[PDB]
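The structure appears right after this line, and notes come after that.
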Amino acid sequence: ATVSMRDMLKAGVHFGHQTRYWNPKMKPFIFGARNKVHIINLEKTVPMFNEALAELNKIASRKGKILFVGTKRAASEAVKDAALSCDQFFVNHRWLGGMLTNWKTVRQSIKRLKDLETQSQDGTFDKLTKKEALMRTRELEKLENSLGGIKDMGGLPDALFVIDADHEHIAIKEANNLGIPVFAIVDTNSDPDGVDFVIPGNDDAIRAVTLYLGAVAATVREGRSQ
Amino acid sequence: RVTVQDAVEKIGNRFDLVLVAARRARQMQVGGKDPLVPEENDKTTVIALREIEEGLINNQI
Amino acid sequence: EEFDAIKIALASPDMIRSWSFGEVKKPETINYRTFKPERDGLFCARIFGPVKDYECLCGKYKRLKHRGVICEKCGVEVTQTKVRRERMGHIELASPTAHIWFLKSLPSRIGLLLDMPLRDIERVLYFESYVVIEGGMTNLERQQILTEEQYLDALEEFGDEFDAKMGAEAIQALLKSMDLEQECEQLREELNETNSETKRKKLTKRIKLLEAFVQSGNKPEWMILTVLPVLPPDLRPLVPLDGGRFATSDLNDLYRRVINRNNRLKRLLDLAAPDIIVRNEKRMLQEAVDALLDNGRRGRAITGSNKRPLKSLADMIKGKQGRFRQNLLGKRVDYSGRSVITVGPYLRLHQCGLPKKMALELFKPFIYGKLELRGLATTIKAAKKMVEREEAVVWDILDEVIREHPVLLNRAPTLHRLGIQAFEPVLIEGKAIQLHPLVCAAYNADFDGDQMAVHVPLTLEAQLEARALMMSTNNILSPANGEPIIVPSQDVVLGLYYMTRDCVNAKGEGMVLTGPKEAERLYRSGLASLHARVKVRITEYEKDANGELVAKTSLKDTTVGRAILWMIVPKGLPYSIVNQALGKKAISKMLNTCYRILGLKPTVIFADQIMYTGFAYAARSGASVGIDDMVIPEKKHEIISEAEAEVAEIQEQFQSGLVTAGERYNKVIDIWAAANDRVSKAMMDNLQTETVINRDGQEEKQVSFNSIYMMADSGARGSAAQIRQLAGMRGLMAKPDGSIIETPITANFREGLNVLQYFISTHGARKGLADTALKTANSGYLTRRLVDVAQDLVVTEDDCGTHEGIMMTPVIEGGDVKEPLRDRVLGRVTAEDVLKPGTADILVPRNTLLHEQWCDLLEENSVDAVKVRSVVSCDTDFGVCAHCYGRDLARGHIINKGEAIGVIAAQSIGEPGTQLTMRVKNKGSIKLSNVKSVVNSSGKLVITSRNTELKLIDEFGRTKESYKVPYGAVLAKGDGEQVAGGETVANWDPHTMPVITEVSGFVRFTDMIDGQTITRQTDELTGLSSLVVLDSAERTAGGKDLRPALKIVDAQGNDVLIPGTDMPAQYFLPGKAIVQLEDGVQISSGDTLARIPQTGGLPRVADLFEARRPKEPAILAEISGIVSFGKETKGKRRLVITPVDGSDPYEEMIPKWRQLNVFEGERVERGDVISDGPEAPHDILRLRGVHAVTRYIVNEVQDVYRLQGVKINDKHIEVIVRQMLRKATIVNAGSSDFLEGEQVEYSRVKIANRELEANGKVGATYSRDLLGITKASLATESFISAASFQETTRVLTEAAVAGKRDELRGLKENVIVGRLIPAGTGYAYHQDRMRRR
Amino acid sequence: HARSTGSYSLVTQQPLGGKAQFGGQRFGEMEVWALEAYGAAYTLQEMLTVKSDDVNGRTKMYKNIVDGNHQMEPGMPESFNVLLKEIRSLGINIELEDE
DNA sequence: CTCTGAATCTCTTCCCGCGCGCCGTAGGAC
DNA sequence: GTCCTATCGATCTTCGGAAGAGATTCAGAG
RNA sequence: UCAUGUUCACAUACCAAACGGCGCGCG
Ligand SMILES: [Mg+2]
Ligand SMILES: [Mg+2]
Ligand SMILES: [Mg+2]
Ligand SMILES: [Mg+2]
Ligand SMILES: [Zn+2]
Ligand SMILES: [Zn+2]
């Protein structure tokens, strides 16, 4: 499910952060600095992206549970859409500390969410007092927002595709602790050391984020088709 | 409903219909998903066969 | 442990010690007051493991904290008592000992490897003689058993510059002496040292064996035991029974024998007994271990009761009470139950009722899974009690558990897939299983108290398989033939017949109605009779060329009941299917056409409605039976009183000697036949005659409402052959040896039989019952042999890519066509592009499925022969391609990749196996086959060929009759003439073989003398004679070598030639011959110079597939060209074939008493028939090929089923043939690494060839060779599946010296180890596993 | 007669047979060919292991059914391990193999 | 003088289920 | 009466299976 | 704007029926 260079350039992936906010661990994955702003080397980007995509495709083909971590409010909608498009699991709002490492507790949380949702829709209980309904609804909304994507995930994921490692660093650490492969998009400010499949690129721009999501979605879907 | 031939019109190998009906019924019973067809409290056995009738299942899903 | 193959080999002594956890020493088991196991006996807890659940025997430790400590009070290990069944021990034998299996298999593996006769190694091993080894500077050989006299000789004729030993040590030494590879390298050269077939082959065996011992890791001494492993004790438990007594647990008596003997032998060895004493105990020990391994291959089986032989280990493995058949291949299962079935008429076809008591005792795990889910019970501990109390809630729970969980019902035996089916249960108050009426026919479930078992499927996958595949709604067709199995139940068809008749007088007859609904109001109010004639408006529907309905409407002229019945038909069929008095055939096609036009989902409901309807009108019909309704034609009295005197005419001639003792009988029984046909015909006329009624004025006749005649004429039950006996006459009867009774049963069961007629009647019936009870074994052993050869097949490619195949025609024989092309060819795929009759116009593309609209199209054409792919020709390795198999009969579309076709075929042959028994016509024109012929001086065409056949073609352009015509018959119509039906086409001598001349001229008895070659007969009838030519059995070489001859002669010295012929008209006389044409007779073209005067039911298929050669194998010619005699008959005759070119000197020993179809001068081919009698497939394969043997076997087996009315699609026989000829025999090894001649699986050589051909090196060539299934299974390439069939101790040792390895491809092996079969759903998984690769 | 669960034989753990004992019906040899003749593989796998012989799997199955999980773990039947030892109790080294 | 024919011996196979019923180491020595 | 040790190492295992096939035993001779 | 506070004393701690003939019977 490869992506073209012209398309990447058009999207605006090559653009990075200011030169002062850069990580010298990202100094290999940098081409130049135009107008005091780093430019990511797309020549090195595309093969890395392709390699990551291939690994993801293989995992999907063997029925791997990909988890799409994206919390930036600009990219939250897009990541959620991509995940559901390729029938996968996602976390579009704040990553709860120890979502994976403290799985037995977040498991209890998911059970609670499922029960509340079931009561809301299938229950048809009617006896709500208005107060009880309001409290139940608030709980349901909060749970859905936080854990709505992983509610059907059942267990832990077999791979973690992550938008911006510096922003979603806690997730990266959790994955590392467990030993789940990470496929992170890594801008010039981010540190790539925890990431297993670094894909240099612009985490900030929305079009770029969409492009990354869409390509990943295509590859997972392809794996599912097999 | 019981005769699965209209689902076999959709999964043109009949063996794949058992592998797909099982996989989908497991996403419901075990994976915790719920059906895109209106359920009538049928068994997942029948729900998954009724999910082929909506024309929205193949082993990509 | 996970695994993916199985390997077998001989166990070296150090391996056997490795399996041990201890060495057994004492001949004991458990104490006889207390019941602790006696230490170092066969149960010692420290050898094998602790008895108590997780706690030790000495009592010192009783808690998991100590898990794995070993005590020092008695020495036991504290561990899982489960492992007490896992761990072995061993016995150290005081001497080596031969393993009985390798001593007495098919050959002996010991003896064969040694080149030493079995009796002679046994003569060592039971201590009867010495055997000599390392013979050195003495006059003695390398093995050469020598009697104790002959050793006592050598002990002083020689010193000890040699050795000889006795008993198993001596054999062990001999095996150890094997310089094994060097012996092989020699023997594989000594192979060439003669061309002597009578050892080249048993030497091929020996040179195979040596290389198998080389290529495995094996070593020959391991045939001899030294440590004997003992079975883990839990597998041979010494259970107590009724009071303080142990069950006699056989093996523990056998090991007890061994260990006692070994205790003695260690004693007497160390106390240094003399040779005669130790040869005693050593014999008794070898003769005891013989018991422990395979008791009763000894001279006599040993016993511990009233001569009951003790069951030894090898008696536990093999056969009908041993693991492979008794516990592995099929086994008892939980969640099951059984009951008497009873009919439930109200069921929809998918349901069956089963008793609430059973559902509640079967579904218990699911019921607990609701009571916890209601939270109504705390857990198992409460829900168990809440079910036991049978509280008022539990049924509303049960009726939620079951609410759509399919349950599997099968009778036993269960011949074919339709014999297990799934149904949705509905609850019942009683205790019987309420089955659906239409489905009882499939099971051959009668309702006379015939029990049936039920099984619950537990998992989700088992429910999805049950609903998708096995549910009764999905199985309306037979697997075996395109014919429904929902075929209506006799009462249903009785009701529909009664509903649809027309009665010419009736209430309300002749009015005109606006539709079925007011037809029904008219019936139900009693205003019109149901079979009254009427006109109605009707509407009917048709689905157009696109498939969309056109609805139409008209007046129809019909009956009230055909109007009512039309209301049940689904809206897409034409009314012309209902507008007729319906009966069992007519309604089966009705139902079939519903399936043809609508499809399944309407058909099952339409079938249900038919059932309900037929029952309801059959009720109203009151269709009773009553003795006043048995109708005797009073002409019967005259017909006997006439025929009796004509029999007495045959008797009065006999009373005057004026007719022979044979003729009197065989004519009398034909007079009784002429009476019997007349009685039957008068009775069927009387039954139709009994109904006549006033058409408002004057009487008129109509089809008889006579009770028994409705039942016959409808096809409900009891057609002509029964009603004939009820009221016509019972007729001729047969004696025990089948020969016919001289005076028949002229009575019938409406009237009485007297005592003799009854007593003779039982010779029929008791024969027919003996046949049933005797046959039901052989039929089952047939189906077993078949599935257990077919089970290796699975459809595994879409299209193998062949363009090869075989040709289908109507079977034209005995005159008319016994089956049309539309039976054979429907639903195979074309092999090659099928042309328009004529030329160059193609009609069907070259790999198109000939479904029904294509086969109707072929029937629109004058096609006679069609070439189609057949599984015997499909070049898929390890399987079959789908297109080559063609239509799946139970679905009508092409087969699904992965379907288990082999098992379907074997069952499809076996299902009717109980129905067997174990005891010119029309105008056309002459066509001919092989018939080289000449014209006589009258100008008549006289046949000069001997594989001669006749074909007749009808003028609209298709062949429709065929005949086989002798040599020297005259074609009364020749030269392409057209002829009328029954216009005699040919004439021939019925009694003798004729011999005739091509030339005309004078003749002599050339090279002949009276008394030397011919006998000067008088012929007593005339005194003027035809001479007898002498038989080679009546006269010497001075008559034999003087072979009598009749050359046609002229003073030119040669005859007027045929252009391009050198041959004179020399002709010859065989034995027995009659000759009227002596010397100096002028012979015409066409003159006869001389004349020469001259099966079963089921076994004739069982012995067909096993390919047994018949008693009377027709001698078939070979290669080509022309015959000659070899040397004449003494001991036997020898005769020759000599080609047009190449190897002239082919000669064959030939039997004298099978008269020969050729003499000396006859042009011949590989496959021309030199005698009569039946053929033998081994040779057909050699001479006309694989396609010709398929065509032979399919014909000669279907000629059994067609005779007994059974139907089977032909493909299910080819699938057995496909397996019969899976093996091949190497003629050229070429460049391949097979032995210089070898037998191999054909796929293995073919796959080597294809790549070697791509390498361009010389591929191997072979003949395929046809094994019968009882052998072609044991030759499977994979020991588990063969060994679990039969001859277990063969297969399981032959495979063991080879060290063979099994990859577990195929079905039966995966069933044994209990994993998904690689078929069906499990094929699709094995395929995905193999694709992601 | 009907049986959910109850006795098992000692030598090999298959169910007892009878009414006089609370037995399970024999899914005998011919029935197995009948399943093989449908595509039905999972039914067969169950019928001759989980429902029958696999000493682990049947207790895991039972609990999955009371839990209503409708899933099986199929293992390998203990009667077949009986066979291996009864051959290996001859000097015939039969063994399971890996690749 | 033993080589391909044939001749006598043993081994191996014989439906599937099912239900009852009973019956179940001995002899000798201390 | 109980415990321990052994079998027809001084007879007689059933004729009423057929078959069907193989291993193993013998003809008429080059 | 607000100085001082005698001495010594702190506990818990490694369990639910088994295997073979002989029969009769059902299908
Ligand atoms: Mg019956
Ligand atoms: Mg002070
Ligand atoms: Mg102080
Ligand atoms: Mg102090
Ligand atoms: Zn202990
Ligand atoms: Zn093919």
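Ligands are numbered from 1 in the order shown, residues from 1 within each chain, and chains are lettered A, B, ... in the order they appear in the structure tokens.
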Residue hits in chain C, query chain F, radius 9 Å, only C-alpha atoms (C1' of nucleotides), as a VMD selection string: chain C and resid 106 to 107 300 304 307 1131
Quick one: write out the picked residues with C-alpha atoms as a tab-separated table (two decimals), in the first residue's frame?
chain	number	residue	atom	x	y	z
C	106	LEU	CA	4.59	-62.66	6.04
C	107	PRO	CA	7.96	-64.03	5.23
C	300	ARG	CA	-1.02	-73.55	20.66
C	304	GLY	CA	-6.11	-70.30	32.15
C	307	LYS	CA	-9.34	-73.28	27.04
C	1131	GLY	CA	1.11	-81.84	-21.06
Which of chain D fall in helix (DSSP H, G or I), as an NGL selection string: :D and (29-37 or 42-50 or 57-66 or 78-88)
Take the residues from that selection and write them out as a short mmCIF file (atom, residue, chain, number, x, y, z; two decimals), in the first residue's frame, keeping N, CA, C and O atoms.
data_model
loop_
_atom_site.label_atom_id
_atom_site.label_comp_id
_atom_site.auth_asym_id
_atom_site.auth_seq_id
_atom_site.Cartn_x
_atom_site.Cartn_y
_atom_site.Cartn_z
N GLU D 29 -17.93 -46.61 14.01
CA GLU D 29 -17.11 -46.39 12.84
C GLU D 29 -17.88 -45.83 11.69
O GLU D 29 -17.52 -44.79 11.16
N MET D 30 -19.04 -46.35 11.44
CA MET D 30 -19.76 -45.86 10.29
C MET D 30 -20.25 -44.47 10.45
O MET D 30 -20.33 -43.74 9.48
N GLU D 31 -20.46 -44.03 11.65
CA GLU D 31 -20.89 -42.66 11.74
C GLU D 31 -19.78 -41.71 11.37
O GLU D 31 -20.04 -40.62 10.88
N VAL D 32 -18.54 -42.09 11.62
CA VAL D 32 -17.44 -41.20 11.30
C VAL D 32 -17.28 -41.05 9.81
O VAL D 32 -17.02 -39.96 9.32
N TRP D 33 -17.47 -42.10 9.06
CA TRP D 33 -17.51 -41.89 7.63
C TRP D 33 -18.67 -41.02 7.26
O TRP D 33 -18.60 -40.26 6.32
N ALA D 34 -19.75 -41.10 8.00
CA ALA D 34 -20.85 -40.25 7.61
C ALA D 34 -20.55 -38.78 7.82
O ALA D 34 -20.82 -37.97 6.95
N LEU D 35 -19.94 -38.40 8.93
CA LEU D 35 -19.48 -37.01 9.04
C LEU D 35 -18.46 -36.65 8.00
O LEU D 35 -18.61 -35.66 7.29
N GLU D 36 -17.47 -37.49 7.78
CA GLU D 36 -16.50 -37.14 6.78
C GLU D 36 -17.17 -36.93 5.45
O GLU D 36 -16.62 -36.25 4.59
N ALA D 37 -18.33 -37.47 5.25
CA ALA D 37 -18.90 -37.26 3.96
C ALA D 37 -19.69 -36.01 3.87
O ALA D 37 -19.92 -35.55 2.77
N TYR D 42 -15.30 -29.95 12.03
CA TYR D 42 -15.25 -29.59 13.44
C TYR D 42 -16.16 -30.44 14.25
O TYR D 42 -15.80 -30.85 15.35
N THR D 43 -17.30 -30.80 13.71
CA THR D 43 -18.16 -31.73 14.41
C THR D 43 -17.45 -33.00 14.72
O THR D 43 -17.50 -33.50 15.83
N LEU D 44 -16.74 -33.52 13.77
CA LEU D 44 -16.07 -34.76 14.02
C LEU D 44 -14.98 -34.58 15.05
O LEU D 44 -14.88 -35.36 16.01
N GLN D 45 -14.16 -33.55 14.90
CA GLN D 45 -13.10 -33.34 15.87
C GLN D 45 -13.64 -33.34 17.26
O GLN D 45 -13.17 -34.07 18.14
N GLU D 46 -14.71 -32.62 17.45
CA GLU D 46 -15.34 -32.63 18.74
C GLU D 46 -15.75 -34.02 19.14
O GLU D 46 -15.24 -34.56 20.11
N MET D 47 -16.53 -34.67 18.30
CA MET D 47 -17.20 -35.88 18.69
C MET D 47 -16.24 -36.92 19.12
O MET D 47 -16.59 -37.78 19.90
N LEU D 48 -15.08 -36.94 18.54
CA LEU D 48 -14.14 -37.95 18.99
C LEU D 48 -12.97 -37.40 19.78
O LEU D 48 -11.97 -38.08 19.95
N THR D 49 -13.07 -36.19 20.31
CA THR D 49 -12.08 -35.81 21.30
C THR D 49 -12.69 -35.10 22.49
O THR D 49 -12.68 -35.61 23.60
N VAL D 50 -13.17 -33.89 22.27
CA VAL D 50 -13.68 -33.06 23.36
C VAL D 50 -14.84 -33.69 24.08
O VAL D 50 -14.93 -33.62 25.30
N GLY D 57 -9.49 -31.56 27.69
CA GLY D 57 -10.42 -30.75 26.93
C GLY D 57 -11.85 -30.88 27.38
O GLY D 57 -12.57 -29.89 27.41
N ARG D 58 -12.25 -32.06 27.80
CA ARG D 58 -13.63 -32.18 28.24
C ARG D 58 -13.91 -31.40 29.51
O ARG D 58 -15.01 -30.85 29.64
N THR D 59 -12.96 -31.24 30.41
CA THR D 59 -13.28 -30.44 31.58
C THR D 59 -13.18 -28.97 31.28
O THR D 59 -13.86 -28.18 31.91
N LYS D 60 -12.29 -28.58 30.38
CA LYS D 60 -12.31 -27.21 29.88
C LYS D 60 -13.55 -26.93 29.05
O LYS D 60 -14.09 -25.83 29.10
N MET D 61 -13.99 -27.88 28.26
CA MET D 61 -15.24 -27.69 27.54
C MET D 61 -16.41 -27.50 28.48
O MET D 61 -17.15 -26.53 28.37
N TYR D 62 -16.58 -28.40 29.42
CA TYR D 62 -17.69 -28.28 30.34
C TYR D 62 -17.76 -26.90 30.97
O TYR D 62 -18.79 -26.23 30.89
N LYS D 63 -16.66 -26.43 31.52
CA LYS D 63 -16.64 -25.09 32.08
C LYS D 63 -16.92 -24.00 31.06
O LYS D 63 -17.66 -23.07 31.36
N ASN D 64 -16.41 -24.11 29.84
CA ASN D 64 -16.79 -23.15 28.82
C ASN D 64 -18.25 -23.21 28.47
O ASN D 64 -18.81 -22.21 28.02
N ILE D 65 -18.87 -24.37 28.58
CA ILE D 65 -20.29 -24.39 28.31
C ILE D 65 -21.09 -23.78 29.44
O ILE D 65 -22.00 -22.99 29.18
N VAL D 66 -20.76 -24.06 30.69
CA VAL D 66 -21.49 -23.41 31.77
C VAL D 66 -21.25 -21.92 31.76
O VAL D 66 -22.14 -21.13 32.06
N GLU D 78 -6.53 -39.51 24.73
CA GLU D 78 -5.72 -40.39 25.55
C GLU D 78 -5.79 -41.84 25.14
O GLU D 78 -4.81 -42.56 25.31
N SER D 79 -6.87 -42.27 24.50
CA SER D 79 -6.84 -43.59 23.87
C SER D 79 -5.76 -43.70 22.82
O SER D 79 -5.09 -44.72 22.75
N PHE D 80 -5.47 -42.64 22.09
CA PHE D 80 -4.34 -42.78 21.21
C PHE D 80 -3.04 -42.86 21.94
O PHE D 80 -2.19 -43.64 21.56
N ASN D 81 -2.90 -42.19 23.07
CA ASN D 81 -1.68 -42.44 23.81
C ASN D 81 -1.66 -43.83 24.37
O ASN D 81 -0.62 -44.47 24.36
N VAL D 82 -2.79 -44.40 24.68
CA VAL D 82 -2.76 -45.80 25.01
C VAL D 82 -2.18 -46.61 23.88
O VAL D 82 -1.23 -47.36 24.08
N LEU D 83 -2.60 -46.35 22.67
CA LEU D 83 -2.01 -47.11 21.59
C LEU D 83 -0.52 -46.96 21.57
O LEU D 83 0.20 -47.95 21.54
N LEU D 84 0.00 -45.75 21.66
CA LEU D 84 1.44 -45.64 21.57
C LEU D 84 2.10 -46.49 22.62
O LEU D 84 2.93 -47.33 22.29
N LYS D 85 1.63 -46.44 23.84
CA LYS D 85 2.32 -47.28 24.78
C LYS D 85 2.10 -48.74 24.50
O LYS D 85 3.04 -49.53 24.58
N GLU D 86 0.95 -49.13 24.01
CA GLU D 86 0.81 -50.54 23.71
C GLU D 86 1.64 -50.96 22.53
O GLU D 86 1.88 -52.14 22.37
N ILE D 87 1.99 -50.07 21.63
CA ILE D 87 3.02 -50.50 20.71
C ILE D 87 4.37 -50.40 21.34
O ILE D 87 5.17 -51.33 21.28
N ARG D 88 4.63 -49.34 22.06
CA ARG D 88 5.95 -49.24 22.61
C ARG D 88 6.21 -50.28 23.65
O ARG D 88 7.35 -50.48 24.03
#
Protein and nucleic residues near ligand 3, 12 Å, only C-alpha atoms (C1' of nucleotides) and all ligand atoms, as an MDAnalysis selection string: chainID G and resid 4:7
If you keep N, CA and C atoms (P, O5', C5', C4', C3', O3' and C1' of nucleotides), can you produce a file of those selected residues as a PDB file, in the first residue's frame?
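Done, and the output landed in part-v2.pdb:
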ATOM      1  P     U G   4      14.554  29.633  76.155  1.00  0.00           P
ATOM      2  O5'   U G   4      14.347  28.572  77.310  1.00  0.00           O
ATOM      3  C5'   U G   4      15.280  28.506  78.368  1.00  0.00           C
ATOM      4  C4'   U G   4      14.691  27.898  79.610  1.00  0.00           C
ATOM      5  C3'   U G   4      14.112  26.511  79.462  1.00  0.00           C
ATOM      6  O3'   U G   4      15.109  25.516  79.509  1.00  0.00           O
ATOM      7  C1'   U G   4      12.623  27.862  80.685  1.00  0.00           C
ATOM      8  P     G G   5      15.071  24.292  78.488  1.00  0.00           P
ATOM      9  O5'   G G   5      14.192  23.203  79.234  1.00  0.00           O
ATOM     10  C5'   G G   5      14.276  23.025  80.640  1.00  0.00           C
ATOM     11  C4'   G G   5      13.069  22.298  81.175  1.00  0.00           C
ATOM     12  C3'   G G   5      12.722  21.003  80.449  1.00  0.00           C
ATOM     13  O3'   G G   5      12.191  20.065  81.373  1.00  0.00           O
ATOM     14  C1'   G G   5      10.889  22.459  80.365  1.00  0.00           C
ATOM     15  P     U G   6      12.733  18.562  81.374  1.00  0.00           P
ATOM     16  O5'   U G   6      13.591  18.495  82.699  1.00  0.00           O
ATOM     17  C5'   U G   6      14.941  18.909  82.714  1.00  0.00           C
ATOM     18  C4'   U G   6      15.741  17.986  83.580  1.00  0.00           C
ATOM     19  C3'   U G   6      15.788  16.550  83.096  1.00  0.00           C
ATOM     20  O3'   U G   6      16.777  16.334  82.110  1.00  0.00           O
ATOM     21  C1'   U G   6      15.191  16.575  85.365  1.00  0.00           C
ATOM     22  P     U G   7      16.582  15.176  81.025  1.00  0.00           P
ATOM     23  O5'   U G   7      16.834  13.840  81.843  1.00  0.00           O
ATOM     24  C5'   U G   7      18.092  13.569  82.432  1.00  0.00           C
ATOM     25  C4'   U G   7      18.092  12.219  83.091  1.00  0.00           C
ATOM     26  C3'   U G   7      17.650  11.064  82.221  1.00  0.00           C
ATOM     27  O3'   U G   7      18.631  10.635  81.303  1.00  0.00           O
ATOM     28  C1'   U G   7      16.608  10.895  84.317  1.00  0.00           C
TER      29        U G   7
END
Shell of 12 Å around residue 34 in chain B, only C-alpha atoms (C1' of nucleotides), local chain residues under 6 positions omitted, as a VMD selection string: (chain A and resid 114 117 to 118 122 151 to 152) or (chain B and resid 24 to 28 41 44 47 to 48 51)
Let me see the file: selected residues, N, CA, C and O atoms, as a CSV table (one decimal), in the first residue's frame.
chain,number,residue,atom,x,y,z
A,114,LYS,N,-19.2,-1.1,29.0
A,114,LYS,CA,-20.1,-2.0,28.3
A,114,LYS,C,-21.4,-2.2,29.0
A,114,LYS,O,-22.5,-2.1,28.4
A,117,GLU,N,-23.4,1.1,28.7
A,117,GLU,CA,-24.0,1.3,27.3
A,117,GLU,C,-25.1,0.3,27.1
A,117,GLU,O,-26.2,0.7,26.5
A,118,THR,N,-25.0,-0.9,27.5
A,118,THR,CA,-26.0,-1.9,27.3
A,118,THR,C,-27.3,-1.5,28.0
A,118,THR,O,-28.4,-1.5,27.4
A,122,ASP,N,-30.1,-1.1,25.1
A,122,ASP,CA,-30.8,-2.4,25.2
A,122,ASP,C,-31.7,-2.5,26.4
A,122,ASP,O,-32.7,-3.1,26.4
A,151,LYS,N,-12.9,-0.7,23.4
A,151,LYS,CA,-14.0,-1.4,24.1
A,151,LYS,C,-14.1,-2.9,23.6
A,151,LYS,O,-14.4,-3.8,24.3
A,152,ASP,N,-14.0,-3.1,22.3
A,152,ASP,CA,-14.2,-4.4,21.7
A,152,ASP,C,-12.8,-5.1,21.5
A,152,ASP,O,-12.8,-6.1,20.8
B,24,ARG,N,-17.4,-14.6,12.8
B,24,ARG,CA,-18.2,-13.5,13.1
B,24,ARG,C,-19.0,-13.7,14.4
B,24,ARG,O,-19.1,-12.9,15.3
B,25,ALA,N,-19.5,-14.9,14.6
B,25,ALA,CA,-20.2,-15.3,15.8
B,25,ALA,C,-19.3,-15.2,17.0
B,25,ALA,O,-19.7,-15.0,18.1
B,26,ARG,N,-18.0,-15.5,16.8
B,26,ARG,CA,-17.0,-15.3,17.9
B,26,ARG,C,-16.7,-13.8,18.2
B,26,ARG,O,-16.5,-13.5,19.3
B,27,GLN,N,-16.6,-13.0,17.2
B,27,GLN,CA,-16.6,-11.6,17.4
B,27,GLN,C,-17.8,-11.1,18.3
B,27,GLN,O,-17.6,-10.2,19.1
B,28,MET,N,-18.9,-11.7,18.1
B,28,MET,CA,-20.1,-11.4,19.0
B,28,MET,C,-20.0,-12.0,20.4
B,28,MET,O,-20.0,-11.4,21.4
B,41,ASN,N,-32.9,-11.8,19.8
B,41,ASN,CA,-32.4,-12.7,20.8
B,41,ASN,C,-32.1,-14.1,20.2
B,41,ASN,O,-32.1,-15.1,20.9
B,44,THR,N,-26.2,-16.6,18.3
B,44,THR,CA,-25.1,-16.1,17.4
B,44,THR,C,-25.0,-16.9,16.2
B,44,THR,O,-24.9,-16.3,15.1
B,47,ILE,N,-27.7,-15.3,14.2
B,47,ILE,CA,-27.4,-13.9,14.0
B,47,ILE,C,-26.3,-13.8,12.9
B,47,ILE,O,-26.5,-13.0,11.9
B,48,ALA,N,-25.3,-14.6,12.9
B,48,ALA,CA,-24.2,-14.5,12.0
B,48,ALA,C,-24.7,-14.9,10.6
B,48,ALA,O,-24.4,-14.2,9.6
B,51,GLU,N,-26.5,-12.0,9.5
B,51,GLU,CA,-25.5,-11.0,9.0
B,51,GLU,C,-25.0,-11.1,7.6
B,51,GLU,O,-24.6,-10.2,7.0
Selection near residue 188 in chain A, 8 Å with only C-alpha atoms (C1' of nucleotides), sequence-local residues under 5 positions removed, as a list in words: residues 16, 17, 21, 22, 23, 26, 27, 29, 30, 38, 40, 200 and 201 of chain A
